[PDB]
Amino acid sequence: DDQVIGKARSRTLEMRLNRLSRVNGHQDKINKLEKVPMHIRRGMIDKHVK
Amino acid sequence: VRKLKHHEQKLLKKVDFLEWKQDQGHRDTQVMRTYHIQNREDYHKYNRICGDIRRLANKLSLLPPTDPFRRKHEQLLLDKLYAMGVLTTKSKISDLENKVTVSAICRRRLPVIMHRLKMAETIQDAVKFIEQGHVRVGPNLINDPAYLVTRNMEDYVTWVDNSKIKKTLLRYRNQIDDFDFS
Amino acid sequence: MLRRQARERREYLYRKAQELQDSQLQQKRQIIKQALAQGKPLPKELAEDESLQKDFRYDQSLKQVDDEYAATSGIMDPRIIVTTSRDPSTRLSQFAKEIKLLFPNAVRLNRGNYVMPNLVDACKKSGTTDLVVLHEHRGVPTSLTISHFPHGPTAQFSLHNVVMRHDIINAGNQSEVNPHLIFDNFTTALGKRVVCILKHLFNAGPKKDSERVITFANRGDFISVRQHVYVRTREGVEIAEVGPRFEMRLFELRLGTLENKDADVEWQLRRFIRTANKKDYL
Amino acid sequence: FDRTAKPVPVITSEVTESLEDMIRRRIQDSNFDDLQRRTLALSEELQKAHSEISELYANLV
Amino acid sequence: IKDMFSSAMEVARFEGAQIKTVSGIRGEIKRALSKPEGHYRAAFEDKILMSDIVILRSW
Amino acid sequence: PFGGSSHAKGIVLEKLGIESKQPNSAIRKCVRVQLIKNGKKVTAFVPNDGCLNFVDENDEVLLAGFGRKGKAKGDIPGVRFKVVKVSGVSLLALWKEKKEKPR
Amino acid sequence: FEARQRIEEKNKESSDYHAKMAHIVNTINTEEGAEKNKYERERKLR
């Protein structure tokens, strides 16, 4: 934890906080996504699934 | 532009001539209205400064938590900003990110300070009196309404000594003393 | 200068209010830090809360002496002014001289036709850390107030069992060196307030081998203060009493200066309350 | 009847002796309370972060 | 207060003691007086009026 | 509750919390009785501290279940019996001054 | 002298009485609550 730095630090802290809040919180308020329009999110989903 | 009908609206759901999406809520012109500033460039110079403070706060956040360098520099930043006057609490570094705003800088501007100290009665009145040259900061008069007065100079804004404003103020309190030619 | 004092006292009060409103956020950050260190589930409120979780990076970078003394505790040796009530009796003038001798960096002011606004204003402008005002009852001294000046606190004590130094015998004169202090039985929060104000009334950084120790011992809400000079023999320490001795009970603690009289009361000795004679430090 | 005040404590020989014993004990232990003076590589990528952030701080200041 | 006792020796027997009023306010009897014989001074927690009556409960 | 019956005879053994100050309280309305079917002591209310002054000692009371509806502010959770009769006569009649206590 | 004595012994009597009443309340609560909860758990089995 002392020598981790940058985006790795940001994402790992967010992951731990997400884990605890998930264990004791309501699923929707825990995991709401971010707003993206319909054809944009459907195109992203289909590209990733491919 | 005519309050077009129903099928026209469904075919033109996305047109708007007055509000586009780059005019980001018209926040700039709204803040220019709230604190009565004179040009668009002034709002966006303040926005450039707030952007620089916020990227520095983000990089100091990305440094590791128990870092002496991180604690030293974020403390220097919060001290600097509180002494300037922009942020009001010296204790929260998520304020150093979150609550540094163009409105904070724009209300350390000068006619806001006069209006708050009750030298003027509205901010438009304060701008008028500054432009007509009644206000001095320290011993030398200030003619620019866009003067950023810190805390320790908010202790020195006064009326210029030979003004009809000062004469009327004293005369109302029944305390004029023309030996000074106040 | 008075305009600076006004704006700085206003800013201190507003910062006080905000700190007392965000003590809860301090506790919430403690809960998040504890869970992160030894991972337990978070409570429901902090789990749903998104601003606090999002801003726990800066507030993870985040992390005692009093508020009014923190800036200049071990920096400025404090100067105080021991002044009398008004139209002093000669025995009370003697006692004021005793107190001036007891504190180092004290001076003495005969009060005659001085008003309290002019007195406090002049002390502020010239720069004096403390004022000590003494009151009598036909020679016997009965009250003492201490004010810390740049909008600091005032403690009012009533002092009872007074025995002077010139009362005893021609033993000589004091040692006047920067003393050691002893603070016994000061335990509660108000005990910390009183030990703070008296310790900063004294001087800073005494030597390791001084000869005089000044003791404030709390015996059942009566503070007894004495002076003792000490010599370390081969087997045991012998001490010779010196200075006045008196029991001194605190009875109020205001937060303005002693000229204010509408200051925000921090504490006050309740007499005609039902359970007054039970509790200590109340 | 009832009293609304513990009266003031008289000073006695044994009270003085207890205070003298406490003072003797504290001097022998040399335990006082007094106002004391207030005084006054890493890694590659940590040095790189420090450099960029000090340059950016200087510019903002 | 003026009418409870007779002598300053009596008030000195009873001093420092706990009195109340008919009106409810508490107070203590504090010191004997000298020129009248049974009069004393008492400190209350609010301004007593003239219409009232102080009392001392005794067993 | 106490086994078979609805009501249980018992001997008054001692008087818990007689020394309390504030009158008409839970620890003042509580007594302690020993059931004679088992020789087993257990604590039990009486209504009305006056009726506490009725019931005395070694006096053959008859208990019933208490049956609270909702929780109260100062009542003791746990005592589950009240006294109905004292040595053959009923505490309500003794309280309303209909009958007398015979010995 | 008498005032100090009377106040000291009065405070001792008060503190003793509070300790005694809290003791009695706690013993009643724990014992009768244990018996009551065991019987209620047995009756819910029925």
# chains A, B, ... in the order shown; residues from 1 in each chain; ligands from 1

$ closest_atom_pairs --of "chain A" --to "chain C" --cutoff "12 Å" --atoms "only C-alpha atoms" --output "tab-separated table"
residue	atom	partner	partner_atom	distance
A:1	CA	C:37	CA	10.8
A:9	CA	C:57	CA	9.9
A:10	CA	C:57	CA	8.3
A:11	CA	C:57	CA	11.3
A:12	CA	C:36	CA	11.4
A:13	CA	C:57	CA	8.4
A:14	CA	C:54	CA	8.3
A:15	CA	C:36	CA	11.0
A:16	CA	C:36	CA	7.4
A:17	CA	C:53	CA	7.4
A:18	CA	C:47	CA	8.5
A:19	CA	C:41	CA	8.2
A:20	CA	C:41	CA	4.6
A:21	CA	C:47	CA	4.3
A:22	CA	C:47	CA	7.4
A:23	CA	C:41	CA	5.8
A:24	CA	C:41	CA	5.8
A:25	CA	C:47	CA	5.5
A:26	CA	C:48	CA	7.3
A:27	CA	C:48	CA	9.3
A:28	CA	C:48	CA	9.5
A:29	CA	C:48	CA	6.1
A:30	CA	C:48	CA	6.1
A:31	CA	C:48	CA	9.8
A:32	CA	C:50	CA	11.0

$ closest_atom_pairs --of "chain G" --to "chain E" --cutoff "12 Å" --atoms "only C-alpha atoms" --output "Markdown table"
| residue | atom | partner | partner_atom | distance |
| --- | --- | --- | --- | --- |
| G:1 | CA | E:16 | CA | 11.7 |
| G:2 | CA | E:13 | CA | 10.8 |
| G:3 | CA | E:16 | CA | 8.6 |
| G:4 | CA | E:16 | CA | 11.2 |
| G:7 | CA | E:17 | CA | 11.8 |

$ residues_around --residues "residue 27 of chain G" --least-positions-apart "5" --cutoff "12 Å" --atoms "only C-alpha atoms" --output "ChimeraX atom specification"
/F:16,27,42-43,76-79 /G:20-22,32-34

$ select_by_dssp --residues "segment 8-233 of chain C" --states "strand (DSSP E)" --output "mmCIF file with C-alpha atoms, in the first residue's frame"
data_model
loop_
_atom_site.group_PDB
_atom_site.id
_atom_site.type_symbol
_atom_site.label_atom_id
_atom_site.label_comp_id
_atom_site.auth_asym_id
_atom_site.auth_seq_id
_atom_site.Cartn_x
_atom_site.Cartn_y
_atom_site.Cartn_z
ATOM 1 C CA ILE C 80 1.489 39.545 32.536
ATOM 2 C CA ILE C 81 0.237 42.562 34.428
ATOM 3 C CA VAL C 82 -0.716 42.122 38.078
ATOM 4 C CA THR C 83 -3.073 44.970 38.852
ATOM 5 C CA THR C 84 -5.128 45.789 41.839
ATOM 6 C CA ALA C 106 5.195 39.941 35.500
ATOM 7 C CA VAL C 107 4.888 43.674 36.011
ATOM 8 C CA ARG C 108 2.760 45.526 38.532
ATOM 9 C CA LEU C 109 0.052 48.144 37.975
ATOM 10 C CA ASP C 130 -2.144 38.172 30.562
ATOM 11 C CA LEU C 131 -3.920 40.344 33.106
ATOM 12 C CA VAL C 132 -4.331 39.372 36.769
ATOM 13 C CA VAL C 133 -6.794 41.455 38.783
ATOM 14 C CA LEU C 134 -6.955 41.077 42.565
ATOM 15 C CA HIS C 135 -9.792 41.837 45.041
ATOM 16 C CA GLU C 136 -9.785 42.136 48.861
ATOM 17 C CA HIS C 137 -12.038 42.401 51.907
ATOM 18 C CA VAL C 140 -7.708 39.816 53.457
ATOM 19 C CA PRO C 141 -7.571 38.728 49.792
ATOM 20 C CA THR C 142 -10.561 36.840 48.414
ATOM 21 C CA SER C 143 -10.619 36.998 44.615
ATOM 22 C CA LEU C 144 -8.331 36.721 41.606
ATOM 23 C CA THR C 145 -9.160 36.831 37.904
ATOM 24 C CA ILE C 146 -6.849 35.871 35.038
ATOM 25 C CA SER C 147 -7.428 36.975 31.453
ATOM 26 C CA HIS C 148 -5.551 35.791 28.397
ATOM 27 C CA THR C 154 -10.873 34.572 31.700
ATOM 28 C CA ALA C 155 -10.914 32.392 34.766
ATOM 29 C CA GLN C 156 -12.349 33.772 37.995
ATOM 30 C CA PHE C 157 -11.157 32.166 41.231
ATOM 31 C CA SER C 158 -11.986 32.920 44.843
ATOM 32 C CA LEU C 159 -9.002 32.643 47.178
ATOM 33 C CA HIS C 180 9.384 23.984 38.079
ATOM 34 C CA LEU C 181 5.669 23.351 38.319
ATOM 35 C CA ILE C 182 3.643 20.526 39.827
ATOM 36 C CA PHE C 183 -0.009 19.938 38.942
ATOM 37 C CA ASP C 184 -1.623 17.291 41.122
ATOM 38 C CA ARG C 212 12.114 26.198 43.336
ATOM 39 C CA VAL C 213 8.970 24.215 42.599
ATOM 40 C CA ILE C 214 5.503 25.778 42.531
ATOM 41 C CA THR C 215 2.715 23.348 43.279
ATOM 42 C CA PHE C 216 -1.002 23.461 42.452
ATOM 43 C CA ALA C 217 -2.661 20.506 44.173
ATOM 44 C CA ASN C 218 -6.365 19.830 43.657
ATOM 45 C CA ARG C 219 -7.865 18.668 46.953
ATOM 46 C CA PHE C 222 -9.869 23.426 46.198
ATOM 47 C CA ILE C 223 -6.592 24.195 44.464
ATOM 48 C CA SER C 224 -3.795 24.788 46.966
ATOM 49 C CA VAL C 225 -0.666 26.473 45.656
ATOM 50 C CA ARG C 226 2.704 26.714 47.415
ATOM 51 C CA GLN C 227 6.367 27.459 46.764
ATOM 52 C CA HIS C 228 9.126 25.144 47.895
ATOM 53 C CA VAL C 229 12.875 25.434 47.513
ATOM 54 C CA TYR C 230 14.627 22.103 47.501
ATOM 55 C CA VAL C 231 18.048 20.654 48.220
ATOM 56 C CA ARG C 232 18.928 17.060 47.346
#

$ select_by_dssp --residues "segment 41-164 of chain B" --states "helix (DSSP H, G or I)" --output "PyMOL selection string"
chain B and resi 41-62+68-84+93-98+102-106+110-116+123-132+151-154+164

$ atom_distance --atom1 "atom CA of residue 174 of chain C" --atom2 "atom CA of residue 211 of chain C"
10.9 Å
